[PDB]
There are 2 protein chains.
Amino acid sequence: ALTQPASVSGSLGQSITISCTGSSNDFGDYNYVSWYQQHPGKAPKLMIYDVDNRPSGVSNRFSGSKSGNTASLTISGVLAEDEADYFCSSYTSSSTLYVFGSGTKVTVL
Amino acid sequence: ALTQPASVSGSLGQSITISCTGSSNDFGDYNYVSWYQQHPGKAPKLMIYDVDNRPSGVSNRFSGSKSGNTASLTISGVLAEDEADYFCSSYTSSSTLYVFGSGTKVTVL
């Protein structure tokens, strides 16, 4: 179970951090965490993969880090279109399949 | 991109089929398409992986199949709790970016 905070709020131009906590040490040793941005209803878009790598066309405003048991997505210079659901995800044991975190609702004020 | 029908509706006890078509041949003959069930503002659950495999604890009402460049999730004996968003997903052909389909809103009447 990857646990995130239910919700976090931030004002335009401020910096918000979404934490992703896990029980086991498999992901916490090997850095296999990914971050998806989901606008309400639409497809989850990949923002970060392997802890801290951005696919081509993603704002450098989004950046990922990690510190043992918890990974973190930081969004700096928050815009209106950052209002969305955010999910962390690592691999299921001995597979390449993604299992998803509880998810964080981000409201932009 | 994996393109799905925007929405599908079915009555209780009926069968529902959701299609997942990909642009050209960018998804390695669609043998590694998975299917995720998502309740609103909730973590997407794995229902099917590798076209037709069912994880332990997933009802046998959910089954997957594939023909050419289209993968299909079928939900038998539709229950209330099948009312959800459904995304097909697969690695891009480069096997780094795990990309989600446009998504299908299943309404149960």
# chains A, B, ... in the order shown; residues from 1 in each chain; ligands from 1

call {"tool": "closest_atom_pairs", "arguments": {"of": "chain B", "to": "chain A", "cutoff": "9 Å", "atoms": "only C-alpha atoms", "output": "Markdown table"}}
result
| residue | atom | partner | partner_atom | distance |
| --- | --- | --- | --- | --- |
| B:34 | CA | A:97 | CA | 8.6 |
| B:40 | CA | A:41 | CA | 8.0 |
| B:41 | CA | A:85 | CA | 6.9 |
| B:42 | CA | A:103 | CA | 6.5 |
| B:43 | CA | A:102 | CA | 5.2 |
| B:44 | CA | A:100 | CA | 6.5 |
| B:45 | CA | A:99 | CA | 7.5 |
| B:46 | CA | A:99 | CA | 7.5 |
| B:49 | CA | A:97 | CA | 8.0 |
| B:85 | CA | A:41 | CA | 7.5 |
| B:87 | CA | A:43 | CA | 7.2 |
| B:96 | CA | A:49 | CA | 8.4 |
| B:97 | CA | A:46 | CA | 7.5 |
| B:98 | CA | A:46 | CA | 7.5 |
| B:99 | CA | A:46 | CA | 7.0 |
| B:100 | CA | A:43 | CA | 5.8 |
| B:101 | CA | A:43 | CA | 6.1 |
| B:102 | CA | A:43 | CA | 5.3 |
| B:103 | CA | A:43 | CA | 5.8 |
| B:104 | CA | A:41 | CA | 8.9 |
| B:105 | CA | A:41 | CA | 8.0 |

call {"tool": "calpha_fit_rmsd", "arguments": {"fixed": "chain A", "moving": "chain B"}}
result
1.2 Å

call {"tool": "atom_distance", "arguments": {"atom1": "atom CA of residue 19 of chain B", "atom2": "atom CA of residue 108 of chain B"}}
result
17.5 Å

call {"tool": "atom_distance", "arguments": {"atom1": "atom CA of residue 3 of chain B", "atom2": "atom CA of residue 23 of chain B"}}
result
8.1 Å

call {"tool": "select_by_dssp", "arguments": {"residues": "segment 16-85 of chain A", "states": "strand (DSSP E)", "output": "list in words"}}
result
residues 16, 17, 18, 19, 20, 21, 34, 35, 36, 37, 38, 45, 46, 47, 48, 62, 63, 64, 65, 66, 67, 70, 71, 72, 73, 74, 75, 84 and 85 of chain A

call {"tool": "atom_distance", "arguments": {"atom1": "atom CA of residue 21 of chain B", "atom2": "atom CA of residue 33 of chain A"}}
result
27.5 Å

call {"tool": "residues_around", "arguments": {"residues": "residue 76 of chain A", "least_positions_apart": "6", "cutoff": "9 Å", "atoms": "only C-alpha atoms", "output": "mmCIF file with N, CA and C atoms, in the first residue's frame"}}
result
data_model
loop_
_atom_site.group_PDB
_atom_site.id
_atom_site.type_symbol
_atom_site.label_atom_id
_atom_site.label_comp_id
_atom_site.auth_asym_id
_atom_site.auth_seq_id
_atom_site.Cartn_x
_atom_site.Cartn_y
_atom_site.Cartn_z
ATOM 1 N N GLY A 13 1.614 30.281 -7.979
ATOM 2 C CA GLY A 13 3.030 30.682 -7.862
ATOM 3 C C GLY A 13 3.728 30.058 -6.662
ATOM 4 N N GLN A 14 2.978 29.498 -5.704
ATOM 5 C CA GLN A 14 3.547 28.799 -4.518
ATOM 6 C C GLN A 14 4.065 27.420 -4.949
ATOM 7 N N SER A 15 4.667 26.694 -4.004
ATOM 8 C CA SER A 15 5.306 25.365 -4.192
ATOM 9 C C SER A 15 4.596 24.326 -3.311
ATOM 10 N N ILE A 16 4.101 23.236 -3.899
ATOM 11 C CA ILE A 16 3.393 22.165 -3.135
ATOM 12 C C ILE A 16 4.165 20.847 -3.276
ATOM 13 N N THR A 17 4.202 20.068 -2.192
ATOM 14 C CA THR A 17 4.888 18.755 -2.100
ATOM 15 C C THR A 17 3.860 17.672 -1.758
ATOM 16 N N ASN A 60 9.327 21.602 -16.282
ATOM 17 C CA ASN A 60 10.382 21.389 -15.252
ATOM 18 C C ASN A 60 9.866 21.871 -13.886
ATOM 19 N N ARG A 61 8.710 22.550 -13.861
ATOM 20 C CA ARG A 61 7.962 22.936 -12.629
ATOM 21 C C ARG A 61 7.701 21.696 -11.765
ATOM 22 N N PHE A 62 7.383 20.569 -12.406
ATOM 23 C CA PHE A 62 7.231 19.240 -11.758
ATOM 24 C C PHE A 62 8.611 18.598 -11.640
ATOM 25 N N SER A 63 8.940 18.102 -10.449
ATOM 26 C CA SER A 63 10.201 17.378 -10.159
ATOM 27 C C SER A 63 9.954 16.385 -9.026
#

call {"tool": "residues_around", "arguments": {"residues": "residue 28 of chain A", "least_positions_apart": "4", "cutoff": "12 Å", "atoms": "only C-alpha atoms", "output": "PyMOL selection string"}}
result
chain A and resi 2+20-24+32-33+50-51+65-71+90-91

call {"tool": "write_last_selection", "arguments": {"atoms": "C-alpha atoms", "output": "PDB file, in the first residue's frame"}}
result
ATOM      1  CA  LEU A   2       1.511   3.352  -1.202  1.00  0.00           C
ATOM      2  CA  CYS A  20       4.109   8.832  -1.103  1.00  0.00           C
ATOM      3  CA  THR A  21       4.869   6.420   1.848  1.00  0.00           C
ATOM      4  CA  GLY A  22       5.334   2.589   1.588  1.00  0.00           C
ATOM      5  CA  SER A  23       5.760  -0.280   4.154  1.00  0.00           C
ATOM      6  CA  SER A  24       8.275  -2.604   2.334  1.00  0.00           C
ATOM      7  CA  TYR A  32      11.029   2.396  -9.110  1.00  0.00           C
ATOM      8  CA  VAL A  33       8.471   5.180  -8.249  1.00  0.00           C
ATOM      9  CA  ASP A  50      12.151   6.334 -11.935  1.00  0.00           C
ATOM     10  CA  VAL A  51      11.838   8.852  -8.995  1.00  0.00           C
ATOM     11  CA  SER A  65      12.801  13.137  -5.236  1.00  0.00           C
ATOM     12  CA  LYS A  66      13.034  10.239  -2.701  1.00  0.00           C
ATOM     13  CA  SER A  67      14.386   9.579   0.859  1.00  0.00           C
ATOM     14  CA  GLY A  68      14.119   5.870   1.875  1.00  0.00           C
ATOM     15  CA  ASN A  69      10.465   4.963   2.708  1.00  0.00           C
ATOM     16  CA  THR A  70       8.857   8.124   1.123  1.00  0.00           C
ATOM     17  CA  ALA A  71       8.966   9.598  -2.426  1.00  0.00           C
ATOM     18  CA  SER A  90       5.798   1.427  -8.090  1.00  0.00           C
ATOM     19  CA  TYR A  91       5.974  -2.142  -9.575  1.00  0.00           C
TER      20      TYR A  91
END
